[PDB]
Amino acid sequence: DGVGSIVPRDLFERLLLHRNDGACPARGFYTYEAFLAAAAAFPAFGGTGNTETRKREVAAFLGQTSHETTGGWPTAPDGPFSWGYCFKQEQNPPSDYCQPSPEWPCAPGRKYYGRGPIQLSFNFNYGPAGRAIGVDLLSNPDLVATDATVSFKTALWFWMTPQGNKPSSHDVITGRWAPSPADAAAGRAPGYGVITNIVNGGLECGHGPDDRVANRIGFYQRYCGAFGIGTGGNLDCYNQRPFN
């Protein structure tokens, strides 16, 4: 009926084991209830494919957003891939990330640094994310760090929305995405690798083994293990030209 039927409370708490430790600034913020309320607004999320595919989408989603918010380190208790979701805002942002745009003006005094599970950044992403989900995030961007439902919603918005020449992460993981000829050329073949490419490929893909891509892969594998499902192939983007 919904995504709660494929990730019950005990799985979710064990997937995100340490998010609530005392060392995590976002602790107590990311609640199971917040997750479901967010998912209910994107019924296609976790509701597109057989049960396996559905579990995989939740693994992949959680794996990418875990990386963007990790508090892990190599000798972390239960490994570095149990420390997803430790942060909800960018540490030491060097900017207000306001790029004045006629389409999306900046609200005076409002900062658009990274917030939430996908580290939503820039007035020109807060704007569209706000419109998509019925909340004015251009004037009230701190809602991505103060309201956990909105927070997860922005992450899902990014996951479910295709941008320019990139498909949605959601269509890649559910198998809906068909590479172009210029994708095959550039090395981009369906799997978690293409999603790392969608998320931060300009920096991270196409130049061989990369510890940031490795950390994303690490979360995904553990999460798929917890789910009793395989990961699929092409886990990396080491030989993929970036979409960017």
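One rule holds for the numbers: they count along the sequence shown, beginning at 1.
Enquirer: Out of 219-227 and 5-13, which one has CA B-factors that are higher on average in the deposited record?
Expert: Looking at the record's C-alpha B-factors, the answer is 5-13.
Enquirer: I need to verify one thing: averaged over C-alpha atoms only, is the B-factor higher for 123-131 or for 149-157?
Expert: Taking the mean B-factor of the alpha carbons in each, 123-131 is higher.
Enquirer: Whose CA atom has the top B-factor in the entry, of 195, 40, 214, 178?
Expert: Each of 195, 40, 214, 178 was compared by C-alpha B-factor; the highest is 178.
Enquirer: Going by the deposited entry, which of 172, 107, 118, 86 has the highest CA temperature factor?
Expert: Top of the list by C-alpha B-factor: 107.
Enquirer: Within this chain's modelled residues, let me know which third the CA B factor of residue 184 belongs to: lowest, middle or highest.
Expert: As the PDB entry reports it, the C-alpha B-factor of residue 184 lands in the highest third of its chain.
Enquirer: Place residue 75 in the lowest, middle or highest third of its chain's C-alpha B-factors, as listed in the PDB entry.
Expert: Highest third of the chain for residue 75's C-alpha B-factor.
Enquirer: Would you mind ranking residue 26 by its C-alpha B-factor against the rest of the chain and naming the third, lowest, middle or highest?
Expert: Answer is highest: the recorded C-alpha B-factor places it there.
Enquirer: Please say which third, lowest, middle or highest, residue 163 falls into when its CA temperature factor is compared across its chain.
Expert: For residue 163, whose C-alpha B-factor we compare with every modelled residue in the chain, the answer is the highest third.
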